[PDB]
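Some notes on the structure that comes next.
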Ligand SMILES: CC(=O)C1(C(=O)N[C@H](C(=O)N2C[C@H](O)C[C@H]2C(=O)NCc2ccc(-c3scnc3C)cc2)C(C)(C)C)CC1
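Chains as they are written, first to last, in the deposited numbering: chain C, 62 to 203; chain A, 1 to 104; chain B, 16 to 47, 58 to 112.
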């Protein structure tokens, strides 16, 4: 269901990493498989060539945490008006306090030791259930 | 421009915000409405320095880029009982435990 | 403006706007004007109050968002509190 349309109509785009993370852009190809592209350092930008109807989303390249693009989940290049590119602003979301705590703990404890931490089993599961591009596509379909 | 604050006396802490252009006296009217003590029975401090009623919070060093939502600046509070003011006193927060072995 | 009092396990009393505290569904139920937390120390509950301010400020905003900061020392305890408060 979630896949780029093979439209063949060019669309120039600026990816702008207005986040503190290293950003990994992900193109959803014609069968819906997620295909990763070169990463952007924080505060940096790239003029790239994409196509109308093509699906993109964005992630932290190291932890796979999800980021937003123009205030939302998915980015689809539109028609270019007056020879001017489309701006794709990549930003941090307001993570819950729970999910932010989980990011920090994950970045301090090796996965083998999540089970030696003194917390309810319910949180051990939450830690091992780390962000993943496939899962989010299954969700976003529903 | 909004500045974000913790106003602190003894074991009391208030979270609120104010304009960079608002006055020390005006901040006391806020405290009055919350803790029920009028401005004349209040002293406010930046660290050890007593603040003048007519000065702005900007003049006194609370700016929109230092006094942030996720990391607000501290303003000290002291009350007067009868003739004389108490000395400024702010109870520290609790101390965290040692980092567990797995987090080292 | 309506405020509420959140009191930590060690006796510190934090006074925040009612609106900001209703971010937690747990706190909402404990009210429906003071609430005592027997398991949450002040070094954790002060950070919780700061997240309320941060959330209400940056939700629905086009100004770039800064990272909400958490020291390594207080992370495990803060996780446990966020889990209980559902925030
Ligand atoms: C004539 C084509 O090439 C068509 C097409 O859709 N081609 C796709 C294509 O060109 N794509 C898919 C996406 O729309 C993006 C575009 C592409 O791959 N562009 C090159 C490119 C290279 C690097 C970057 C990035 S991302 C971060 N930094 C850079 C330099 C961005 C784009 C591909 C099947 C070849 C992958 C059939 C129209």
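Ideal placement from N, C-alpha and C gives every residue a C-beta, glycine not left out.
For a Cβ distance threshold of 8 Å, residue set 102, 103 of chain A lies close to residue 170 (chain C), ordered along the chain. For residue 69 (chain B), the enclosing alpha helix (DSSP H) stretches over residues 67–83. By the neighbour-count criterion, in which 16 or more other beta carbons inside 10 Å mark a residue as buried, residue 9 (chain A) falls on the buried side. Residues of the region 6–40 of chain A with a Cβ closer than 7 Å to any Cβ of chain B, in chain order: 11, 12, 13, 14, 15, 34. Within the region 80–136 of chain C, complete beta strand (DSSP E) segments of at least 3 residues are found at 84–89, 95–97, 106–112, 116–121, given in chain order. Per DSSP, reduced to three states, the secondary structure at residue 87 (chain A) is coil, with no helix or strand assignment. At a Cβ-Cβ threshold of 7 Å, residue 111 (chain B) and residue 67 (chain B) do not count as neighbours.
In this structure, residue 74 (chain C) lies near residue 138 (chain C), with their beta-carbon atoms less than 7 Å apart.
In the three-state reduction of the DSSP assignment, residue 49 (chain A) falls in the strand class, which pools E and B.
Ranked by Cα distance from residue 77 (chain A), the first of A:2, A:89, A:18 is A:89. Under DSSP, residue 26 (chain B) shares a beta bridge with no residue. Going by C-alpha positions, residue 40 (chain A) is about 16 Å away from residue 55 (chain A).
Residue 86 (chain C) has its CB nearer than 6 Å to a heavy atom of ligand 1. Of all residues in the region 21–38 of chain B, none has a C-beta nearer than 7 Å to a C-beta of chain C.
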